[PDB]
């Protein structure tokens, strides 16, 4: 809600509830042929999810609290960042999963960045493979690699140059 105290109370309640989500260990590629281990705090697959939580889409949830007799609601991963600017360079700030695990609500696996920065982590080589993200990746992006391109650049005639 409006007050900094009220916002801290929301973050604290959220952390306590998410802290009771099941902790699932995931071993992950780091880049450079190395492997690491992440501990994701995963929201349940079906109701009940936890106090304050409800599912609004297949992999979307919201956190809600009643403050001043009014319901306040947020995207379930946005709560850690309620005291941060909600935009950057004129782009909306989004909750970004460093663990690439949507059900995970561990705030140690989340950052707050533009949607472009968020998306780009999918292809990052990882913290041991050349990640240059200033807020470092926790793992190599799941889509990193050579790709599966069907056809490359080509022309039939002689009208084009690179």
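Numbering follows the first chain given and starts at 1.
Would you tell me which stretch averages the higher CA B-factor in the PDB entry, 5-13 or 147-155?
For C-alpha atoms only, the mean B-factor is higher in 5-13.
According to the deposited model, is the average Cα temperature factor higher in 64-72 or in 38-46?
Comparing averages over the C-alpha atoms only gives 64-72.
Could you tell me which one of 107, 29, 127, 58 shows the highest CA temperature factor in the PDB record?
Highest C-alpha B-factor among the listed options: 58.
Would you mind checking where the Cα B-factor of residue 138 ranks among the modelled residues of its chain, as the lowest, middle or highest third?
Lowest third of the chain for residue 138's C-alpha B-factor.
Which third of the chain holds residue 95 when residues are ordered by C-alpha B factor: lowest, middle or highest?
Middle third - that is where residue 95 ends up once the chain's C-alpha B-factors are sorted.
Once the chain's modelled residues are ordered by C-alpha B factor and cut into thirds, is residue 51 in the lowest, middle or highest one?
Highest third of the chain for residue 51's C-alpha B-factor.
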